[PDB]
């Protein structure tokens, strides 16, 4: 029952300790409090009545912003995003390119505006400040952790960019983990537009901040000593829109290519598998069979672990966007396999993160531009940081499944 979840949390903590750079340097206050905050934050908004109301209140607000932003894409694509599309194409009336991708543009513009006004910096300063005073983590790495709740892995360190070239290896590693453990506000609304429950996305986003620090300080404890704009609001919106556009195009091209490549792989796997009496062999089977124990460990029922392993595995070997794309049909009435509500929650939390191998190259570019003489350290800690970010997503999923 609930005992399998507590065992799951222990295993996840255990792996991090085994992969630590110095187990004797692990600050018990830091990693103890970081786990405590993530666990309590989960208990607050998923179990406690008042916390559930604040979560649904924030989520409904987010859901309202999405609809407002949809006026923009509705103007540009007209009837191609109207209700008439379902009367004609049925299920195929939902055009992903026009329904989901433009959201990345609107939310990038919005966040850019919220930065210009000082609203973003205000919230980050409060959250990031509360983390460092409770965990003993440094100022810069804590602000980046809090920033990662709302923005992406390359945008979050910008709030502390003059402190990045000289921050310690542990600090830099945590900054990397802050981004890998979390997502961004832009794609959050994208996944939400695909059918993923906003409550789960918002929750996993907030739990990423203490979770990211937790496994960063477990696997890479501090062994050193740390230290310590657009002309107007309309320009801010324009710059944000431009950034979101480029990003919308990149995601769209990636999805066309990756899904296409997966279709090619399955074709080959059918022929190769046929040589061993398994012509039905696909990539989903391999990933599901290999990640089933991992899915079972985080609280997924035995009879649903294999299907859950398909999505979690695909998120790891590729990215979370491709995973969500294959998981979204399981959230509709036309789902091939009806999953339990708890299993739907666990997958949503376990997928909610940028933790993948390809994110290392992205970290090298974005974070590396802030500190060009530190690209060596980033590439060195890349794989470990992905593992740490992965463990944070898995932990958040285990916690979510515990109180559900």
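Numbering follows the first chain given and starts at 1.
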Between residue 228 and residue 229 - deposited residues without coordinates, as a size class
10 or more
As stated in the PDB record, which stretch has the larger average Cα B-factor, 237 to 245 or 87 to 95?
87 to 95
Per the record, averaged over C-alpha atoms, which has the higher B-factor: 331 to 339 or 33 to 41?
331 to 339
Check the PDB entry and point out which of 254, 298, 81, 208 has the largest C-alpha temperature factor.
298
Of the choices 115, 107, 77, 289, which one's C-alpha carries the largest B-factor in the record?
289
Taking the entry's C-alpha B-factors for this chain, is residue 354 in the lowest, middle or highest third?
lowest
Please say which third, lowest, middle or highest, residue 311 falls into when its CA temperature factor is compared across its chain.
middle
The third of the chain into which the C-alpha temperature factor of residue 366 falls is the middle
Looking at the C-alpha B-factor of residue 258, is it in the lowest, middle or highest third of its chain?
lowest
With respect to C-alpha B-factor, does residue 360 fall in the lowest, middle or highest third of the chain as deposited?
lowest
